[PDB]
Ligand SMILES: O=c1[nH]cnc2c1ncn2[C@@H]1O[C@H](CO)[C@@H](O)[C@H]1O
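Before any questions on how it binds or moves, here is one chain, the form solved without this ligand, in structure tokens.
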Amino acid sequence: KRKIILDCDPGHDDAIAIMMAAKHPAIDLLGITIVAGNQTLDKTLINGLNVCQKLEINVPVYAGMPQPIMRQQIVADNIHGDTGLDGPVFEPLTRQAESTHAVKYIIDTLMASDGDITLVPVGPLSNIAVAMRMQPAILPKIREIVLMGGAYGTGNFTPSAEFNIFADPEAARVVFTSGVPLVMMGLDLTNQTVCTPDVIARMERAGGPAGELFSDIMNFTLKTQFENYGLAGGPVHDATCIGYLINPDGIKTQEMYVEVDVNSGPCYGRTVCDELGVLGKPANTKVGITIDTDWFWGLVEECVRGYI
């Protein structure tokens, strides 16, 4: 099993990632850490807890950074709605976050570990960067980082930048210069996972708590992702990181030297990816290129069925 800490900002696709991570036998989900991103932390926290309660997921949830490390905070309410998880309606929330701050949880867990834990950040990298600079000794302890973020081609939130990186470019600069093994599921790969109405229907047919939740969630971003970016369905970007850890053969990556641009201006938060190797620098990232969607959606269905 791959031990993971899932760091997220739920978030529609974050919820699908949580659903898969908490169920699949190849993943050992140690804890969920929450960061500000898609919405403010008060909301992404409530959203994370709501998902865990509904799916009866037995994993502690820790609240982290409510703001990025330097920049003026942005949100993605255009895609995710005022709540950050518009669509599903939950019973009154009874579970709460742990007392320990996510940054402390991340540091303490890594330091006490035998170096076998993978971090899976699928929101802005704020928690990760603060942990890395607060306790540099965590670096040798990180097995790998499999993050959803970035784009080698076109961004979403700006032409140059994908949201997670754009929401905290300085934190991304920290992570991308950490020297830790990195896998980047960028938009070039993740936009392939558009969740069209026939995919939603497939998960509805499977049914149960996860099938119902999948439908209520993914129907919302069907509209917003089309209206904003022209996508044929809402991608489940964040779930690709979980897929990658369950079976990396389903995903083609290419090793590249990647740099995060922190210049104010038209490329702030861009992941500059040396696809042709022209800079002659050692690769630092496995960059996602293609995903086998037949495999991927089969895996999603299998996880959904696990909750029946």
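One rule holds for the numbers: they count along the sequence shown, beginning at 1.
Only in words, not in the display: the form solved in complex with this ligand, which the text now covers.
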Review point. Open site or blocked site for this ligand in this chain, with its pose taken in the entry with it bound and fitted by superposition, and blocked meaning 3 or more ligand atoms within 2.4 Å of backbone or C-beta?
Key: blocked
Exercise for review: Find out whether any non-hydrogen atom of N156 is located within 4.5 angstroms of this ligand in the entry with it bound, and reply yes or no.
Suggested key: yes
Review point. Can you check whether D168 is within 4.5 Å of this ligand in the entry with it bound, heavy atom basis?
Key: no
**Study point:** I107 within 4.5 Å of this ligand in the entry with it bound, heavy atoms
**Key:** no
Check your understanding: Can you check whether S126 is within 4.5 Å of this ligand in the entry with it bound, heavy atom basis?
Key -> no
Check your understanding: in the entry with it bound, which of the stretches 159-167, 199-207, 138-146, 110-118 has residues with heavy atoms within 4.5 Å of this ligand?
Key -> 159-167
**Study point:** The single option of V183, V194, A76, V175 touching this ligand in the entry with it bound, heavy atom within 4.5 Å
**Key:** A76
Practice item. Scan 1-26 and note down the residues that get a heavy atom within 4.5 Å of this ligand in the entry with it bound; none is a fine answer too. Key: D13, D14
